[PDB]
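Trainee: First the structure, then my questions, so here it is.
Positions of Cβ are generated from backbone atoms using ideal geometry, with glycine treated the same way; all protein chains shown enter the neighbour counts. No value in this document is a laboratory result; all are computed from the given coordinates.
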Amino acid sequence: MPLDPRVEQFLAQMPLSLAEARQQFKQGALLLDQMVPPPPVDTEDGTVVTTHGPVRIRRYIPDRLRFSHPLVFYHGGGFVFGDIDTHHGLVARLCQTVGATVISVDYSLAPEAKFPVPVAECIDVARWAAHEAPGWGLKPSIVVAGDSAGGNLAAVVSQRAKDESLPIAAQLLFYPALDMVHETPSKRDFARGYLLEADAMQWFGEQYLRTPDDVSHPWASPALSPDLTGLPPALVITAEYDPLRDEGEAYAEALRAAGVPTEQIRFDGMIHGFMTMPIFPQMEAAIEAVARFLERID
């Protein structure tokens, strides 16, 4: 399908140390928020004790609470970039549009922390949220969510949940990375020029994985897991012109065939990252998709 016009214009107008690259990422997110301000939303900062150390969180409180499970949200950024501030524009909107309390998680970044540290942290935070949920007047079962590398984390947390005694009601995967082993057609064909590029993904892997062999570990590549039965109902949102499209859509198909209630939505003409890019109306459409999906959970 053609590129979305606004996406086409964004790509046309695109033009370090690690510290500098992280600052550049944050600056880009700030600029997008200046162009399309986020809704006001009540928030509370805090810190969760995990098995790998303190992890900062931010709890978002909707104006009007309408959804009976807490969301726990893991930001993207290739395991190396991003934070609660970079993803505030998405999380504020999730909170207010769904009418859900959302816990946004500042998990430890690579290369300082390596695989599988953030996976553990993200499980621990989800367990915390499930324990707190009754005192927020909510059900203990949580909804996990994330974009990109954060979608990887959500997917892995979901696969580990039963074994970790973690009650999870749903998983929301926004253009996740799921299979670091296999090339897919999209990964080959949209490898360069659509914001998320091959060279970057390689580098992200170099930062986050301990050794090359980690690509085949199922906590790094959850798509490799052979048994998907019984996993939490899944919303899998992909972008048409995204190297990660095909592994996302394939995982959705596999979930569906494994009897997992699954909604698979490709946004045509879009690129990786679009749900943190509020210059695109599709970001809000995808947030509406989230609300609609979650209405069906109970």
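Trainee: Which condition number in (1) farther than 26 Å from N152 by Cα; (2) in a helix (DSSP H, G or I); (3) aliphatic (A, V, I, L, M) is the one that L65 fails?
Mentor: (2)
Trainee: Follow-up question, since we're still on this one. Take the residues in region 73-99 that are over 30 Å from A198 (Cβ atoms) and β-branched (V, I, T), then tell me which one is surrounded by the fewest Cβ atoms within 10 Å (Cβ to Cβ).
Mentor: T97
Trainee: Next question. Are there any pairs with C-beta distances below 7 angstrom linking a residue in region 14-26 that is closer than 13 Å to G78 by Cα to a residue that is assigned to a helix (DSSP H, G or I), with the two at least 6 apart or on different chains, and if so which?
Mentor: Correct list of pairs: empty, since none qualify.
Trainee: When you go through (1) in contact with a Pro (Cβ under 6 Å, 6 or more places away or on another chain); (2) more than 30 Å from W203 (Cβ to Cβ); (3) of a type in the set (V, I, T) one by one for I61, which number turns out not to apply?
Mentor: Of (1) in contact with a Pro (Cβ under 6 Å, 6 or more places away or on another chain); (2) more than 30 Å from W203 (Cβ to Cβ); (3) of a type in the set (V, I, T), only one is false for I61: (1).
Trainee: Scan region 40-83 for residues that are in contact with a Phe, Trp or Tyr (Cβ under 7 Å, 6 or more places away or on another chain), of a type in the set (V, I, T) and under 19 Å from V143 (Cα atoms) and jot them down.
Mentor: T43, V48, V55 - these are the residues of region 40-83 that are in contact with a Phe, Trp or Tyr (Cβ under 7 Å, 6 or more places away or on another chain), of a type in the set (V, I, T) and under 19 Å from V143 (Cα atoms).
Trainee: State which residue pairs qualify: first residue under 24 Å from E112 (Cβ atoms) and inside region 210-229, second residue among the β-branched types (V, I, T) and outside any loop (DSSP other than H, G, I, E, B) in any location, beta carbons under 7 Å apart, and separation of 6 or more residues or different chains.
Mentor: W219/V119; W219/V156; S221/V215; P222/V156
Trainee: For region 212-246, enumerate the residues that are closer than 23 Å to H272 by Cβ and in contact with a strand residue (DSSP E or B) (Cβ under 9 Å, 6 or more places away or on another chain).
Mentor: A234, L235, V236, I237, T238, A239, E240, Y241, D242, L244, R245, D246
Trainee: How many residues does region 165-210 contain that are small (G, A, S) and more than 20 Å from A110 (Cβ to Cβ)?
Mentor: Final tally of qualifying residues: 6.
Trainee: Can you pull out every residue in region 231-274 that is under 23 Å from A161 (Cβ atoms) and in a helix (DSSP H, G or I)?
Mentor: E247, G248, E249, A250, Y251, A252, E253, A254, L255, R256, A257
Trainee: Which of the following residues is within 20 Å of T47 (Cβ to Cβ) and assigned to a loop (DSSP other than H, G, I, E, B): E112, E132, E121, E183?
Mentor: Result of the check over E112, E132, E121, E183: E112.
Trainee: Also: Among the residues of region 146-180, what is the count of those that are assigned to a helix (DSSP H, G or I) and of a type outside the set (A, V, I, L, M, F, W, C)?
Mentor: Total meeting the criteria: 6.
Trainee: Could you tell me whether any residue of region 180-191 is under 30 Å from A100 (Cβ atoms) and of a type in the set (A, V, I, L, M)?
Mentor: no
Trainee: Further question on the same structure: Identify, from the list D227, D179, the residue that is surrounded by fewer than 18 Cβ atoms within 10 Å (Cβ to Cβ) and farther than 17 Å from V80 by Cα.
Mentor: Every option except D227 fails the conditions.
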